[PDB]
Amino acid sequence: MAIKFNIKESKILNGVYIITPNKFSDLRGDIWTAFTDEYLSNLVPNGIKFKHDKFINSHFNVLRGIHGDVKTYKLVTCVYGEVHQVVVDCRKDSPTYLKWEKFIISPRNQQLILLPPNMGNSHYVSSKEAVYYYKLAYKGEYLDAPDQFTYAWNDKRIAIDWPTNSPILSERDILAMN
Amino acid sequence: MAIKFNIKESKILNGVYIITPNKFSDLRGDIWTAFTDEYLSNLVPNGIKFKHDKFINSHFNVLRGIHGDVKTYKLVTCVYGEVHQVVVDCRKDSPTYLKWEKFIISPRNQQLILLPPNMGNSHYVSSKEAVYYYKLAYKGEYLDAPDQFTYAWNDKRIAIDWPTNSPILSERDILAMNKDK
Ligand SMILES: Nc1nc2c(ncn2[C@@H]2O[C@H](COP(=O)(O)OP(=O)(O)O)[C@@H](O)[C@H]2O)c(=O)[nH]1
Ligand SMILES: Nc1nc2c(ncn2[C@@H]2O[C@H](COP(=O)(O)OP(=O)(O)O)[C@@H](O)[C@H]2O)c(=O)[nH]1
Ligand SMILES: [Cl-]
């Protein structure tokens, strides 16, 4: 079985890609390739390279977001459990400024979503627990919280469909409400 | 909290490295960094790049191994549940040929292991379900099952301590037991 990906651009947000890998499934479970340079590196222009791998473990009803920065490309998926992955267009000069797109991602719907820079990244844990896998492509230093922007999960201009009005939020994401 | 890695060489097998990251924990759960080029690309020789990420989801009592090949560096961990990760030295001309080391890896013990080429890679699932993550660094094309070597999980020369005598096995890993039958 050769390593494969189905690759398509979003019909809703320009620059967002939906990447679906094949899987070898047997009685032991499943094997799959999330990324290779040769297959996926050509999706990111101007010399910017994936150089950073992160994992985020979270409980049911947790919502992290909406976070973004001016330079980082992100490739995101859920490798255990299930998340409501929401991409928001945070490019003020974009015609789809504050439009959004939801992908319900799990091992049964194993999409990886590519976000260009200046986009809003968020996810809501709809399983008892979830593992979010997160590859970052950027020049220079990692932009931690102080060098990221934040939109409120419940911003009335974006009007995202979320399965709750009382998510488990961090101080940063609560303070974005006011 | 800045991203941190602790790197130390195995006390048992030359060239095997044990990587330990920090984690930010709070009411939502845990954030951590498995890899950055800046901190971990030196693990592997210059000219050779981590260019390939794989996930392997397995059920309790599955054992995959013992597998390796002539060119592939592997960085391995378990990002959900728990595995008995066992590195075997399969370098014929090494003073530790067919010695082994076990790492019980889980989110509670978040260790990543660097295997150089010509080592046996193996893991046993001790959790209900596990997710195994590994990065591959190699030149040229991926060596699939037909261009790899296999030692039996229960090879009497290696004599690994496993929690089972009857694991769930692939065709490949059963046939490796039958070589001198
Ligand atoms: N689609 C897909 N198939 C793969 C991948 N890796 C391995 N395979 C196939 O999965 C099968 C089992 O491979 P093997 O290396 O023996 O797996 P292991 O026993 O878990 O280490 C083989 O038929 C491979 O060609 C992958 O990343 N994606
Ligand atoms: N050790 C470690 N801490 C991190 C990492 N990423 C973020 N943090 C810290 O975790 C906290 C939350 O950061 P934030 O980006 O707001 O997380 P989010 O709310 O999950 O999107 C901050 O203290 C960061 O400094 C990491 O990869 N490793
Ligand atoms: Cl909803």
Side-chain angles (χ1 to χ4, degrees), chain A residues 1-3 21 23-41 49-64 75 77-81 107 110 112 125 129-136 138 140-142 144-145 167-173, chain B residues 1-3 21 23-41 49-64 75 77-81 107 110 112 125 129-136 138 140-142 144-145 167-173:
Chain A
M1 202 185 206
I3 287 150
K23 303 209 165 170
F24 178 92
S25 296
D26 72 7
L27 299 186
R28 307 183 286 165
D30 310 286
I31 310 158
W32 57 282
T33 287
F35 182 90
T36 77
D37 280 334
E38 195 220 322
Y39 218 132
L40 298 185
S41 79
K49 256 80 187 138
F50 283 98
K51 61 170 195 196
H52 196 160
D53 299 280
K54 302 192 73 188
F55 288 97
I56 314 194
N57 316 115
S58 302
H59 315 300
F60 178 72
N61 194 64
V62 167
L63 194 172
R64 307 175 180 256
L75 186 67
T77 198
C78 175
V79 298
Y80 178 84
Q110 192 76 73
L112 303 107
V125 181
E129 300 178 309
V131 179
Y132 194 81
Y133 177 56
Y134 172 18
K135 293 185 75 77
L136 296 78
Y138 61 92
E141 297 312 282
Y142 177 70
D144 211 1
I168 302 164
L169 300 164
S170 75
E171 183 186 294
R172 140 133 96 144
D173 295 343
Chain B
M1 191 178 210
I3 297 163
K23 302 207 165 182
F24 182 92
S25 319
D26 74 357
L27 77 171
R28 300 173 299 164
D30 301 300
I31 313 161
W32 59 284
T33 294
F35 183 96
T36 69
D37 199 74
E38 182 189 1
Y39 293 146
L40 287 194
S41 63
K49 211 196 153 279
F50 287 105
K51 64 184 195 186
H52 187 175
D53 302 272
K54 290 188 69 161
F55 291 96
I56 308 180
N57 316 138
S58 310
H59 313 304
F60 176 70
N61 200 44
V62 163
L63 204 171
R64 305 184 182 246
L75 185 68
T77 200
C78 170
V79 294
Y80 180 85
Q110 198 67 80
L112 310 108
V125 184
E129 299 304 340
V131 181
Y132 190 90
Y133 174 57
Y134 81 112
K135 296 196 70 82
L136 294 87
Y138 52 104
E141 298 185 297
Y142 178 64
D144 206 4
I168 295 157
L169 291 181
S170 62
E171 192 194 25
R172 166 188 184 177
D173 294 342

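Heavy atoms only: backbone and side chains are in, while hydrogens, waters and symmetry mates are out. In what follows, chains are A, B, ... by sequence order, proteins preceding strands, each numbered from 1.
- Taking CG of B/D26 as the start and OG of A/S58 as the end, the distance is 8.0 Å to the nearest 0.5 Å.
- Put simply, NE2 on B/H52 and OH on A/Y39 are 12.0 Å apart, with the number rounded to the nearest 0.5 Å.
- Here the OG1 atom belonging to A/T33 is positioned 7.5 Å from the CG atom belonging to B/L136, to the nearest 0.5 angstrom.
- Of all heavy-atom pairs between A/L169 and B/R28, the closest is C-CD, 4.2 Å.
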For this session: Dump the intermediate steps for side-chain contact (heavy atoms from CB on, under 4.5 Å) on A/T36 and B/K51, then the final yes or no.
Result: CA-CA 5 Å; A/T36 77; B/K51 64 184 195 186; 5.9 Å; no
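- Salt-bridge annotation for B/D37 and A/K49: absent, with no side-chain N of the basic residue lying under 4.0 Å from a carboxylate O of the acidic one.
- Only the backbone of A/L27 comes within contact range of chain B, judged by heavy atoms closer than 4.5 Å.
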For this session: Show the numbers, then the answer: is there a side-chain contact (heavy atoms from CB on, under 4.5 Å) between A/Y142 and B/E38?
Result: CA-CA 11 Å; A/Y142 177 70; B/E38 182 189 1; over 6 Å; no
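- For B/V131, the part sitting under 4.5 Å from any heavy atom of chain A is the side chain, from C-beta outward, and nothing else.
- Of the listed residues B/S41, B/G29, B/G81, the one with more heavy-atom pairs under 4.5 angstrom with chain A than any other is B/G29.
- The candidate with the highest count of non-hydrogen atom pairs below 4.5 Å against chain B, out of A/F35, A/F55, A/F50, is A/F55.
- Across every non-hydrogen atom of A/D30 and B/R64, the tightest pair is N-NH2, 3.9 Å.
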Exercise. So B/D53 and A/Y133, side-chain contact (heavy atoms from CB on, under 4.5 Å) or not? Walk me through it.
Worked result: CA-CA 11 Å; B/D53 302 272; A/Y133 177 56; 3.3 Å; yes
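- For B/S170, the parts lying under 4.5 angstrom from a heavy atom of chain A are both the backbone and the side chain.
- Proximity to chain A is absent for every atom of B/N61, based on heavy atoms less than 4.5 angstrom apart.
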For this session: Check the pair A/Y80, B/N57 against side-chain contact (heavy atoms from CB on, under 4.5 Å), reporting the backbone distance first and the verdict last.
Result: CA-CA 9 Å; A/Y80 178 84; B/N57 316 138; over 6 Å; no
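- Per-residue heavy-atom pair counts under 4.5 Å with chain A were compared for B/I168, B/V62, B/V79, B/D144, and the maximum is reached by B/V79.
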